[PDB]
Amino acid sequence: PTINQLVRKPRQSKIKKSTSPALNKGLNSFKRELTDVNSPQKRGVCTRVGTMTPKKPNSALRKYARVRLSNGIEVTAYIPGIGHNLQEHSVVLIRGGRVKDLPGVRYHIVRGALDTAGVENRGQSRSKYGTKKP
Amino acid sequence: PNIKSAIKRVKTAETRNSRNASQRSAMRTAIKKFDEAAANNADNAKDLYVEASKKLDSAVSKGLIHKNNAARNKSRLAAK
Amino acid sequence: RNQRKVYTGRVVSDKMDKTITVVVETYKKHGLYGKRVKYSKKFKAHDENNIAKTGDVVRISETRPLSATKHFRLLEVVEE
Amino acid sequence: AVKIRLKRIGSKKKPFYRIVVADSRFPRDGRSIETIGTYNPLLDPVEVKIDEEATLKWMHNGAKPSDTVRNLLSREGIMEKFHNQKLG
RNA sequence: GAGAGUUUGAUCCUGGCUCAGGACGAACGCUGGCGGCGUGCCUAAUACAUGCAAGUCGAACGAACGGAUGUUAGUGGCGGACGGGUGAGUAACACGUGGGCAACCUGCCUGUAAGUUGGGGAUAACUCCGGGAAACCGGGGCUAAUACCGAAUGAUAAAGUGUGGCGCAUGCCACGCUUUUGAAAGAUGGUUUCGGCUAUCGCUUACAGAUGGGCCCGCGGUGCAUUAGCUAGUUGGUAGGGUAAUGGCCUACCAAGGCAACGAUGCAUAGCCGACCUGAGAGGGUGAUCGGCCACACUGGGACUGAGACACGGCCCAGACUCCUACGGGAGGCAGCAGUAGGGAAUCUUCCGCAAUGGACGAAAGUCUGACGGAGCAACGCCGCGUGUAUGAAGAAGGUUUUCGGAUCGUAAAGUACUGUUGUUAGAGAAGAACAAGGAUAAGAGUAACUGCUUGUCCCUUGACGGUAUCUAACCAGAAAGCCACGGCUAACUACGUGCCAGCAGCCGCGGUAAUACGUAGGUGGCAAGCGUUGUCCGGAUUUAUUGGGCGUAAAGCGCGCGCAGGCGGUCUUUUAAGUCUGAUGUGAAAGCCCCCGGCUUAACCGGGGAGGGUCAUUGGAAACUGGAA
Ligand SMILES: [K+]
Ligand SMILES: [Mg+2]
Ligand SMILES: [Mg+2]
Ligand SMILES: [Mg+2]
Ligand SMILES: [Mg+2]
Ligand SMILES: [Mg+2]
Ligand SMILES: [Mg+2]
Ligand SMILES: [Mg+2]
Ligand SMILES: [Mg+2]
């Protein structure tokens, strides 16, 4: 462009989207108005639990839970690891992370933080999946 | 209040208010006597200037008015 | 003495009473893309007698405030 | 008032002090008007550095010291000096 | 100034997505030994259970208590406006930087020059009365002052003026005459003769200064035009009043301006900066902690007091919300330190002391200070130290694996020798502390001289932390290692089990009976008292390209013109100095980055010194180029 063009309008960079929009919103009951606050993790209440058929190429059933977070946003969270404790009205803690197999999931459930009891029988990567040392 | 000294300063301040308000009102009734008499262009105004200036400078010494205000008021009155 | 600010410019209007408005017109550097930009800034000059006129080159200098907007004064009339 | 005093600096259980000019009102480590020396009590001779001409000046303007700053000045020979300048 | 992977059968380009680094006030998962330095409600400026955060002076005053000192509930003075908190609001002289005030204030501090003369009237406290559980309220009477109110003498305060020297229009500085105003207070202490005199702490007037504030101004720093008109005391003027002071600050009268595409008005957002993180740098993001400034103290408004407020822990009133009651009526505002609830992914002890530094009061002793020193908790971070050291084999038992010969865990162990950073036990035990006050004295100015004041030197003195650090010995390898990954990107491979199931995954992608990609075991790699994941910021990303990109076919030339505004503009001479360039002065705080020294057992950390940083301003110069002019 010409310099006069660049002065009449300077540049404008790209509008960045977050991987994790719902972690980046807080709530106050008083105002009843969402408040932008960068957050790593949120807790919620499992509305629904179920299985998913993932994309091509894959075919295994994937465990998800539809959660209502603390801030009121309804979110689908993958339940990683072998087996789980969860059911309806179960409280859950939620971190970000995208299940590439599965279309509508963008977040994971931290395993071992709350009523998400740790995985059974696991020995390796225990800090993930939330088993104590035996 | 709730501190021992706050109630004391409320007392002190109401007292000082009563006093300094009386003194201001007297000053200003003086100044109005002067300006009315000067509007009427009478004989008494030349003593009333003095009465007003006495009370202005006395108010200064009592602290209820600042000296540039007193000076300015003497100036504006003298201008009548 | 300490010294005051002085500027030069051009007159745009005369409708006001005993004053004018002097527009100063300076090139200056755009902060990022480096080009020179015509920066303009008008001030109210205190014209003691409605001397100047529209189209007049003029010099002004600052002083105490004289109205809501004025802070300057006519110093010379450099060129009609 | 305007005072000549100590500004606490350094770290915990190892203090150091700047010798400072300041109002009574301002904070202990807040702003100042001019700093004119330093102090350290840890060492066997306490280590003082003072400019002494600005210090005489601030005293002539009426900046009074603290107790310990006064006695630092006196053990540096500055309070005798200031009395000597008050002699005339 | 490093790049790598991913589109294709393959290639080149384009283009996106991700990754290798660095940083967090972080959270979470697994685990967890210590020391030093730091940091710790970012969310609900949501609500407050409780406790303590602003008191002091008996050398201002009167009463009461008391066997002369001392104490007090009151009147009075000073301080409560500092210190401390938070970032709600705020897009503006709020902030930064640089100036201006001939248009302005300033208690306490210093110094200079004068002066504290005489009187008066009350009022609390107190005592009674009535009310009220009682506090506490009224009504009567008594009373002191450094509380109040008069006067005389004194204005560099006004008014009338005249002279000198000047500035930047409004005007300033100095001098002198006339007229009119404006003050006060004592307390302690000594001496003297008894009148007197007199030091200090105070008081009053003026002047200077310093310090602290106030007003104005140039410029600078945010997105939106799916917001273009806005304003009506709004703009200027003549008069008037008002403020510490200029000014539509306000009022009356006159004219109808003024601002604005150089983005006004409006909406949403936000405290601003020093600086912090990143980056080759330009720049990008942030405005935790530290310092400065601003704003606000449940919300709104208003004043009084005072040098200073329109006041965090003051007042009044309205509103919300809450508490106690004897049910008549009262009281209150944690964004002070701790703490509690709630919210939240999430953030501390209802701790000690004023020994220190600093502030308020006081003549001072001293008192007060949740400022501040410290200690406590949290692996939250940075640094440091360990959790043994040596020697010890063709190589134990065992595990894994086996091409069943072996290979590996592995000098690891065992065994032998040694050490005690740490741990434990017993002993010692610094700094930080200066002083102040008081007692002695030596010299001064000032005194009739003493008292006193100022200064010199001695003596004396008081530590929360804390019997903490530190140091000595003795005893023990003893009690002190876990997390992640191992297909490529990228360091590090085998066995079993499973069989597009269970499950993995930052991108590409693995798993359908022979899986280095899932789970487990062994072994390995990377780190290590932390490791990893998630969230956010920069870079890499030349992917908003000023430095530093592009539009034939990839995204991208309005379908084309007429043209206001703006941007840009042929050759030469003179003139200037708007822009440019340049010498000087001043400033851009400290802390932080950077460099050089020093100190903590090094480090982190801390100190000293220097440097840097501005489209900074004034002043003085050049005319080559842009701009203005002929
Ligand atoms: K206005
Ligand atoms: Mg805000
Ligand atoms: Mg770059
Ligand atoms: Mg207050
Ligand atoms: Mg409070
Ligand atoms: Mg609190
Ligand atoms: Mg297999
Ligand atoms: Mg195309
Ligand atoms: Mg600096």
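Cut-offs used in this document
Along every chain, residues receive numbers from 1 upward following the written sequence, which is not necessarily the numbering found in the entry; those without coordinates are excluded from display. Here every chain gets a letter starting at A, and every ligand a number starting at 1, in the order they are written. This view holds some of the chains of a larger assembly, and the values cover only those chains. Computation of side-chain values: all heavy atoms of the structure, hydrogens and water removed. UniProt positions are given in the numbering used here, feature names are shortened, and annotations may be inferred rather than shown by experiment. Side-chain rings of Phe, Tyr and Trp (the six-membered ring for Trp) are treated as a pair once their centres are within 6.5 Å; stacked means planes under 30 degrees apart, edge-to-face means over 60, and tilted covers the remaining angles. Put simply, DSSP H or I for four residues or longer makes a helix, DSSP E for two residues or longer makes a strand, and each gets a number counted from the N terminus. Three labels apply to residues, based on accessible area from a 1.4 Å probe with only protein chains included: buried if under 20% of the type maximum, exposed if over 50%, partly exposed otherwise in between. Fitted lines through C-alpha atoms serve as axes, helices being fitted only where they are in contact, and the angles separating the N-to-C directions of these axes extend from 0 to 180 degrees. With respect to orientation, any angle under 35 degrees is reported as roughly parallel, any angle over 145 as roughly antiparallel, any angle of 65 to 115 as roughly perpendicular, and every other angle as oblique. Throughout, a residue-residue contact means that at least one pair of heavy atoms, one from each residue, lies within 4.5 Å. Side-chain classes are defined by residue name, with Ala, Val, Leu, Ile, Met, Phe, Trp, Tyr, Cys and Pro counting as nonpolar, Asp, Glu, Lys and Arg as charged, and the others, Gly among them, as polar.

The name the PDB entry gives chain D is 30S ribosomal protein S16, with Listeria monocytogenes EGD-e as the organism. For chain D, the Sequence similarities comment in UniProt is given as "Belongs to the bacterial ribosomal protein bS16 family."

Looking at the PDB entry, one finds chain B named 30S ribosomal protein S20 and attributed to Listeria monocytogenes EGD-e. Word for word, the UniProt comment on chain B under Sequence similarities is "Belongs to the bacterial ribosomal protein bS20 family."

> Would you take a moment to explain the packing of aromatic side chains for this structure?
Centre distance and the angle of the planes are the two values used to describe a pair of aromatic rings. Residue and element names in this part refer to chain D. Under the defined criterion, the tally for this structure stands at five aromatic pairs over all chains. Taking 6.1 Å as the distance between ring centres and 20° as the angle between the ring planes, the aromatic pair formed by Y17 and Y39 counts as stacked. Highlighted residues: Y17 in strand β2 (residues 14-23) and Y39 in strand β3 (residues 34-39), separated in sequence by 22 residues. Judged by relative accessible area, which is 18%, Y17 ranks as buried.

> What should I look at first to understand the packing of helix α2 (residues 45-62) of chain B against helix α3 (residues 67-78) of chain B in this one?
In a pair of packed helices, the angle between the axes and the distance between the axes together describe the arrangement. Residue and element names in this part refer to chain B. Where α2 meets α3, the closest approach of the two axes is 9 Å, and the angle between their N-to-C directions is 175°. The angle between α2 and α3 places the two elements in the roughly antiparallel class. Seen from α2, the contacting residues are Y49, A52, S53, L56, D57 and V60; seen from α3, they are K67, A70, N73, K74, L77 and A78. Class assignment of the residues belonging to the contact of α2 with α3 gives a composition of seven nonpolar, two polar and three charged.

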